Amino acid sequence: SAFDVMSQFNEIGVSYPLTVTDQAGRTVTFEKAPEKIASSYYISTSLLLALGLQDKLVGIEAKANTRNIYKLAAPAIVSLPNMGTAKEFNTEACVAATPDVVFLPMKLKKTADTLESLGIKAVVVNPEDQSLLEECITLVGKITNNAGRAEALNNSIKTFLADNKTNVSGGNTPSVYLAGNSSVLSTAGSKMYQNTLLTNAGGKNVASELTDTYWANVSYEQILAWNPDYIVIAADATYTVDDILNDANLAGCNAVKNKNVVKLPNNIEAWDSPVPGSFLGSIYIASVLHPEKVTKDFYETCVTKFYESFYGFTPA
């Protein structure tokens with residue numbers, strides 16, 4: 001069973017002193033594993049929880065109460081000192097929490113210098129696509145002396161993604177419209193992460209020729225011209241499947257006529273950004289586009305096993 005990889009005990013250790021290169025190219029040295037850890041990015045926080053490190057956290061990013069995964073896996077962390085975000089980093093709250101390491105997103109790269117000047121080790125992470133996420137998992141695993149657990153997480157991700165790609169191969173490749181957070185008219189081109197989820201699930205993006213580097217708006221007329229077989233709505237969208245089906249301006253397209261409209265779930269995590277479980281979004285999508293190859297029961301079992309194995313709770 002593929003699920004064995006999620007529990008495999010992996011005999012890798014870490015020797016200190018440890019010099020690593022972070023994902024901004026900076027060199028950082030650890031004489032031992034840090035015991036007090038701060039994170040100022042939701043992805044790195046999710047990552048730390050997946051490595052079993054909740055009890056070492058001394059600071060967390062803003063809006064922690066909006067993250068379902070903390071409420072299910074680690075609710076006590078929501079009351080930790082707020083480190084801020086790229087919009088505004090809370091330097092004093094960070095100093096006062098006396099962390100041994102702070103994980104920062106790429107957008108906060110200049111803050112690493114601020115923290116190093118104050119004697120605080122900073123590590124810049126950039127988990128913004130699958131390979132970068134996997135490298136970040138390795139990096140954090142090394143720093144925190146959880147390389148075994150990190151390798152199991154990475155193998156789990158690689159295995160299930162690779163299996164999903166093979167399960168869906170050799171038949172049709174349905175056309176798909178990725179609908180964005182703000183309205184059905186917001187969409188994603190090939191430069192976005194969601195496109196990669198979709199292509200690993202055996203679908204093709206009707207917006208592949210968009211050169212935009214983030215969500216971008218199109219017209220109803222363009223959606224009808226592209227005539228997607230399926231519509232997949234972003235996990236954090238404000239609107240729902242029912243909303244799209246009730247939208248008379250889209251009555252013309254295949255996806256609506258055939259009721260082939262779904263929304264990625266967000267009751268645990270949104271998988272349309274590279275959190276560790278994001279591969280589940282490609283399994284979800286495959287379960288919609290290729291249900292005879294990747295079944296709903298299989299998808300459900302993946303979600304349950306993944307969050308049990310790495311986050312210590314049983315999804316409901």
# chains A, B, ... in the order shown; residues from 1 in each chain; ligands from 1
>>> residues_around(residues="residue 131 (chain A)", least_positions_apart="5", cutoff="10 Å", atoms="only C-alpha atoms", output="PyMOL selection string")
chain A and resi 136-137+154+158+274
>>> write_last_selection(atoms="C-alpha atoms", output="PDB file, in the first residue's frame")
ATOM      1  CA  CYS A 136      11.893  23.489   2.214  1.00  0.00           C
ATOM      2  CA  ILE A 137      10.654  20.363   4.011  1.00  0.00           C
ATOM      3  CA  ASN A 154       8.471  14.268   1.133  1.00  0.00           C
ATOM      4  CA  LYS A 158       6.145  12.500  -4.254  1.00  0.00           C
ATOM      5  CA  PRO A 274       1.854  24.694  -1.590  1.00  0.00           C
TER       6      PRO A 274
END
>>> residues_around(residues="residue 301 (chain A)", least_positions_apart="4", cutoff="12 Å", atoms="only C-alpha atoms", output="MDAnalysis selection string")
chainID A and resid 2:3 280 283:284 294:297 305:309 314:316
>>> residues_around(residues="region 67-78 of chain A", least_positions_apart="3", cutoff="9 Å", atoms="only C-alpha atoms", output="list in words")
residues 42, 46, 49, 54, 55, 57, 58, 59, 60, 63, 64, 81, 82, 266, 267, 268, 269, 307, 311, 312, 313, 314 and 315 of chain A
>>> closest_residue(among="A:265, A:171, A:141, A:180", to="residue 20 (chain A)", atoms="only C-alpha atoms")
A:141
>>> closest_residue(among="A:199, A:23, A:240, A:8", to="residue 132 (chain A)", atoms="only C-alpha atoms")
A:23
>>> select_by_dssp(residues="region 178-293 of chain A", states="strand (DSSP E or B)", output="ChimeraX atom specification")
/A:178-179,186-187,204-205,216-217,230-233,261-263
>>> write_last_selection(atoms="N, CA, C and O atoms", output="PDB file, in the first residue's frame")
ATOM      1  N   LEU A 178     -10.179  27.163 -14.295  1.00  0.00           N
ATOM      2  CA  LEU A 178      -9.882  27.422 -12.886  1.00  0.00           C
ATOM      3  C   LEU A 178     -10.424  28.769 -12.471  1.00  0.00           C
ATOM      4  O   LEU A 178      -9.902  29.808 -12.899  1.00  0.00           O
ATOM      5  N   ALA A 179     -11.481  28.755 -11.665  1.00  0.00           N
ATOM      6  CA  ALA A 179     -12.152  29.978 -11.245  1.00  0.00           C
ATOM      7  C   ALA A 179     -11.560  30.426  -9.917  1.00  0.00           C
ATOM      8  O   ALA A 179     -11.285  29.596  -9.028  1.00  0.00           O
ATOM      9  N   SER A 186     -12.394  35.575 -12.527  1.00  0.00           N
ATOM     10  CA  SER A 186     -11.001  35.590 -12.165  1.00  0.00           C
ATOM     11  C   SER A 186     -10.444  34.211 -12.527  1.00  0.00           C
ATOM     12  O   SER A 186     -11.060  33.187 -12.213  1.00  0.00           O
ATOM     13  N   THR A 187      -9.303  34.160 -13.216  1.00  0.00           N
ATOM     14  CA  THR A 187      -8.745  32.866 -13.604  1.00  0.00           C
ATOM     15  C   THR A 187      -7.209  32.839 -13.526  1.00  0.00           C
ATOM     16  O   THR A 187      -6.574  33.883 -13.307  1.00  0.00           O
ATOM     17  N   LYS A 204      -6.517  19.829 -18.731  1.00  0.00           N
ATOM     18  CA  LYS A 204      -5.738  20.881 -19.391  1.00  0.00           C
ATOM     19  C   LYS A 204      -6.410  22.202 -19.145  1.00  0.00           C
ATOM     20  O   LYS A 204      -7.611  22.307 -19.220  1.00  0.00           O
ATOM     21  N   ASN A 205      -5.610  23.209 -18.848  1.00  0.00           N
ATOM     22  CA  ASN A 205      -6.139  24.524 -18.512  1.00  0.00           C
ATOM     23  C   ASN A 205      -6.596  25.308 -19.752  1.00  0.00           C
ATOM     24  O   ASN A 205      -5.782  25.612 -20.598  1.00  0.00           O
ATOM     25  N   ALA A 216      -6.086  36.819 -12.770  1.00  0.00           N
ATOM     26  CA  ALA A 216      -6.431  37.834 -13.748  1.00  0.00           C
ATOM     27  C   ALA A 216      -7.863  37.641 -14.261  1.00  0.00           C
ATOM     28  O   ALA A 216      -8.346  36.519 -14.380  1.00  0.00           O
ATOM     29  N   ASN A 217      -8.501  38.757 -14.609  1.00  0.00           N
ATOM     30  CA  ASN A 217      -9.902  38.778 -14.974  1.00  0.00           C
ATOM     31  C   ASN A 217     -10.148  38.544 -16.461  1.00  0.00           C
ATOM     32  O   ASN A 217      -9.443  39.110 -17.295  1.00  0.00           O
ATOM     33  N   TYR A 230     -15.074  21.260 -17.546  1.00  0.00           N
ATOM     34  CA  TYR A 230     -15.218  21.341 -16.075  1.00  0.00           C
ATOM     35  C   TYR A 230     -14.850  22.732 -15.600  1.00  0.00           C
ATOM     36  O   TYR A 230     -14.025  23.390 -16.183  1.00  0.00           O
ATOM     37  N   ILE A 231     -15.414  23.135 -14.480  1.00  0.00           N
ATOM     38  CA  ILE A 231     -14.974  24.322 -13.771  1.00  0.00           C
ATOM     39  C   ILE A 231     -14.588  23.891 -12.356  1.00  0.00           C
ATOM     40  O   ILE A 231     -15.335  23.192 -11.674  1.00  0.00           O
ATOM     41  N   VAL A 232     -13.393  24.277 -11.946  1.00  0.00           N
ATOM     42  CA  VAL A 232     -12.910  24.088 -10.596  1.00  0.00           C
ATOM     43  C   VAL A 232     -12.723  25.417  -9.892  1.00  0.00           C
ATOM     44  O   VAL A 232     -11.917  26.256 -10.293  1.00  0.00           O
ATOM     45  N   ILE A 233     -13.474  25.595  -8.814  1.00  0.00           N
ATOM     46  CA  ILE A 233     -13.455  26.829  -8.041  1.00  0.00           C
ATOM     47  C   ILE A 233     -12.411  26.792  -6.948  1.00  0.00           C
ATOM     48  O   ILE A 233     -12.305  25.797  -6.240  1.00  0.00           O
ATOM     49  N   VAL A 261     -19.075  21.126 -12.140  1.00  0.00           N
ATOM     50  CA  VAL A 261     -18.541  22.293 -11.467  1.00  0.00           C
ATOM     51  C   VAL A 261     -18.309  21.846 -10.033  1.00  0.00           C
ATOM     52  O   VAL A 261     -19.207  21.295  -9.418  1.00  0.00           O
ATOM     53  N   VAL A 262     -17.079  22.025  -9.552  1.00  0.00           N
ATOM     54  CA  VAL A 262     -16.698  21.679  -8.214  1.00  0.00           C
ATOM     55  C   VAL A 262     -15.890  22.780  -7.585  1.00  0.00           C
ATOM     56  O   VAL A 262     -15.412  23.688  -8.254  1.00  0.00           O
ATOM     57  N   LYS A 263     -15.715  22.672  -6.276  1.00  0.00           N
ATOM     58  CA  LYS A 263     -14.897  23.628  -5.509  1.00  0.00           C
ATOM     59  C   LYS A 263     -13.949  22.852  -4.635  1.00  0.00           C
ATOM     60  O   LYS A 263     -14.372  21.892  -3.930  1.00  0.00           O
TER      61      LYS A 263
END
>>> residues_around(residues="residue 185 (chain A)", least_positions_apart="5", cutoff="12 Å", atoms="only C-alpha atoms", output="number ranges by chain")
A: 177-180, 207, 215-224, 231, 233-234, 237, 239, 244, 247, 249-250
>>> write_last_selection(atoms="C-alpha atoms", output="short mmCIF file (atom, residue, chain, number, x, y, z; two decimals), in the first residue's frame")
data_model
loop_
_atom_site.label_atom_id
_atom_site.label_comp_id
_atom_site.auth_asym_id
_atom_site.auth_seq_id
_atom_site.Cartn_x
_atom_site.Cartn_y
_atom_site.Cartn_z
CA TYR A 177 -11.46 26.43 -16.21
CA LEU A 178 -9.88 27.42 -12.89
CA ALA A 179 -12.15 29.98 -11.25
CA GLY A 180 -10.53 32.28 -8.74
CA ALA A 207 -6.39 29.61 -19.87
CA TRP A 215 -5.06 35.84 -10.79
CA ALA A 216 -6.43 37.83 -13.75
CA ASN A 217 -9.90 38.78 -14.97
CA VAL A 218 -11.59 37.59 -18.17
CA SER A 219 -15.02 38.15 -19.71
CA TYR A 220 -18.07 35.83 -19.78
CA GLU A 221 -17.63 35.85 -23.50
CA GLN A 222 -14.10 34.45 -23.16
CA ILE A 223 -15.27 31.66 -20.80
CA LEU A 224 -17.96 30.70 -23.25
CA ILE A 231 -14.97 24.32 -13.77
CA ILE A 233 -13.46 26.83 -8.04
CA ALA A 234 -10.61 27.98 -5.79
CA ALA A 237 -13.42 31.62 -3.16
CA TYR A 239 -18.86 32.03 -3.98
CA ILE A 244 -22.11 29.23 -10.75
CA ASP A 247 -25.49 32.10 -13.21
CA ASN A 249 -24.59 34.13 -18.25
CA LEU A 250 -22.71 30.81 -18.11
#
>>> select_by_dssp(residues="region 3-200 of chain A", states="helix (DSSP H, G or I)", output="PyMOL selection string")
chain A and resi 3-6+42-50+54-56+64-66+68-73+75-79+91-96+106-117+130-143+147-167+193-199
>>> residues_around(residues="residue 287 (chain A)", least_positions_apart="4", cutoff="12 Å", atoms="only C-alpha atoms", output="ChimeraX atom specification")
/A:164-165,167-168,198,200-203,262,264,280-283,291-300,302
>>> write_last_selection(atoms="N, CA and C atoms", output="PDB file, in the first residue's frame")
ATOM      1  N   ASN A 164      -0.817   9.525  -8.795  1.00  0.00           N
ATOM      2  CA  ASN A 164      -1.987  10.182  -9.362  1.00  0.00           C
ATOM      3  C   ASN A 164      -1.773  10.409 -10.859  1.00  0.00           C
ATOM      4  N   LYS A 165      -0.569  10.844 -11.222  1.00  0.00           N
ATOM      5  CA  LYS A 165      -0.241  11.094 -12.632  1.00  0.00           C
ATOM      6  C   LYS A 165      -0.376   9.827 -13.475  1.00  0.00           C
ATOM      7  N   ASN A 167      -2.245   7.082 -12.616  1.00  0.00           N
ATOM      8  CA  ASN A 167      -3.651   6.639 -12.571  1.00  0.00           C
ATOM      9  C   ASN A 167      -4.480   7.314 -13.679  1.00  0.00           C
ATOM     10  N   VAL A 168      -4.196   8.579 -13.957  1.00  0.00           N
ATOM     11  CA  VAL A 168      -5.047   9.325 -14.885  1.00  0.00           C
ATOM     12  C   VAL A 168      -4.564   9.284 -16.330  1.00  0.00           C
ATOM     13  N   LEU A 198      -3.557  20.946 -11.643  1.00  0.00           N
ATOM     14  CA  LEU A 198      -4.521  20.535 -12.609  1.00  0.00           C
ATOM     15  C   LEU A 198      -3.857  19.604 -13.604  1.00  0.00           C
ATOM     16  N   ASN A 200      -1.161  17.734 -13.206  1.00  0.00           N
ATOM     17  CA  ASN A 200      -0.898  16.473 -12.495  1.00  0.00           C
ATOM     18  C   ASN A 200      -2.166  15.599 -12.216  1.00  0.00           C
ATOM     19  N   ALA A 201      -3.375  16.147 -12.424  1.00  0.00           N
ATOM     20  CA  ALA A 201      -4.645  15.413 -12.358  1.00  0.00           C
ATOM     21  C   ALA A 201      -5.271  15.037 -13.703  1.00  0.00           C
ATOM     22  N   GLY A 202      -4.572  15.260 -14.804  1.00  0.00           N
ATOM     23  CA  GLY A 202      -5.029  14.784 -16.103  1.00  0.00           C
ATOM     24  C   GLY A 202      -6.054  15.713 -16.728  1.00  0.00           C
ATOM     25  N   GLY A 203      -5.901  17.017 -16.481  1.00  0.00           N
ATOM     26  CA  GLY A 203      -6.756  18.022 -17.080  1.00  0.00           C
ATOM     27  C   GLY A 203      -5.909  19.046 -17.846  1.00  0.00           C
ATOM     28  N   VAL A 262     -17.079  22.025  -9.552  1.00  0.00           N
ATOM     29  CA  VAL A 262     -16.698  21.679  -8.214  1.00  0.00           C
ATOM     30  C   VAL A 262     -15.890  22.780  -7.585  1.00  0.00           C
ATOM     31  N   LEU A 264     -12.702  23.289  -4.601  1.00  0.00           N
ATOM     32  CA  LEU A 264     -11.731  22.683  -3.720  1.00  0.00           C
ATOM     33  C   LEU A 264     -12.165  22.968  -2.290  1.00  0.00           C
ATOM     34  N   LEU A 280      -3.089  16.663  -2.187  1.00  0.00           N
ATOM     35  CA  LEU A 280      -4.488  16.247  -2.072  1.00  0.00           C
ATOM     36  C   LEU A 280      -5.440  16.978  -3.032  1.00  0.00           C
ATOM     37  N   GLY A 281      -5.127  18.227  -3.370  1.00  0.00           N
ATOM     38  CA  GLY A 281      -5.935  18.943  -4.341  1.00  0.00           C
ATOM     39  C   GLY A 281      -5.844  18.306  -5.732  1.00  0.00           C
ATOM     40  N   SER A 282      -4.673  17.774  -6.113  1.00  0.00           N
ATOM     41  CA  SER A 282      -4.585  17.078  -7.402  1.00  0.00           C
ATOM     42  C   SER A 282      -5.298  15.754  -7.370  1.00  0.00           C
ATOM     43  N   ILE A 283      -5.263  15.053  -6.227  1.00  0.00           N
ATOM     44  CA  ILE A 283      -6.063  13.840  -6.087  1.00  0.00           C
ATOM     45  C   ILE A 283      -7.576  14.192  -6.112  1.00  0.00           C
ATOM     46  N   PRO A 291     -13.021   9.751 -12.514  1.00  0.00           N
ATOM     47  CA  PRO A 291     -13.558   9.074 -11.336  1.00  0.00           C
ATOM     48  C   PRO A 291     -13.430   7.586 -11.356  1.00  0.00           C
ATOM     49  N   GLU A 292     -13.301   7.000 -12.543  1.00  0.00           N
ATOM     50  CA  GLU A 292     -13.136   5.555 -12.684  1.00  0.00           C
ATOM     51  C   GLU A 292     -11.703   5.124 -12.388  1.00  0.00           C
ATOM     52  N   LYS A 293     -10.762   6.072 -12.362  1.00  0.00           N
ATOM     53  CA  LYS A 293      -9.366   5.772 -12.082  1.00  0.00           C
ATOM     54  C   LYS A 293      -8.963   6.184 -10.633  1.00  0.00           C
ATOM     55  N   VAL A 294      -9.481   7.330 -10.181  1.00  0.00           N
ATOM     56  CA  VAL A 294      -9.240   7.849  -8.855  1.00  0.00           C
ATOM     57  C   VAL A 294     -10.599   8.089  -8.212  1.00  0.00           C
ATOM     58  N   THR A 295     -10.986   7.237  -7.282  1.00  0.00           N
ATOM     59  CA  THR A 295     -12.373   7.255  -6.825  1.00  0.00           C
ATOM     60  C   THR A 295     -12.521   8.182  -5.645  1.00  0.00           C
ATOM     61  N   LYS A 296     -13.762   8.540  -5.346  1.00  0.00           N
ATOM     62  CA  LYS A 296     -14.042   9.424  -4.240  1.00  0.00           C
ATOM     63  C   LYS A 296     -13.598   8.782  -2.918  1.00  0.00           C
ATOM     64  N   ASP A 297     -13.826   7.476  -2.770  1.00  0.00           N
ATOM     65  CA  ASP A 297     -13.414   6.725  -1.582  1.00  0.00           C
ATOM     66  C   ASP A 297     -11.896   6.740  -1.417  1.00  0.00           C
ATOM     67  N   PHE A 298     -11.161   6.589  -2.514  1.00  0.00           N
ATOM     68  CA  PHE A 298      -9.704   6.712  -2.449  1.00  0.00           C
ATOM     69  C   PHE A 298      -9.262   8.100  -1.984  1.00  0.00           C
ATOM     70  N   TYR A 299      -9.819   9.139  -2.611  1.00  0.00           N
ATOM     71  CA  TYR A 299      -9.513  10.515  -2.233  1.00  0.00           C
ATOM     72  C   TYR A 299      -9.788  10.751  -0.754  1.00  0.00           C
ATOM     73  N   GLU A 300     -10.935  10.311  -0.288  1.00  0.00           N
ATOM     74  CA  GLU A 300     -11.267  10.499   1.138  1.00  0.00           C
ATOM     75  C   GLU A 300     -10.293   9.829   2.071  1.00  0.00           C
ATOM     76  N   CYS A 302      -7.071   9.059   1.368  1.00  0.00           N
ATOM     77  CA  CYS A 302      -5.861   9.892   1.349  1.00  0.00           C
ATOM     78  C   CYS A 302      -5.895  11.053   2.329  1.00  0.00           C
TER      79      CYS A 302
END
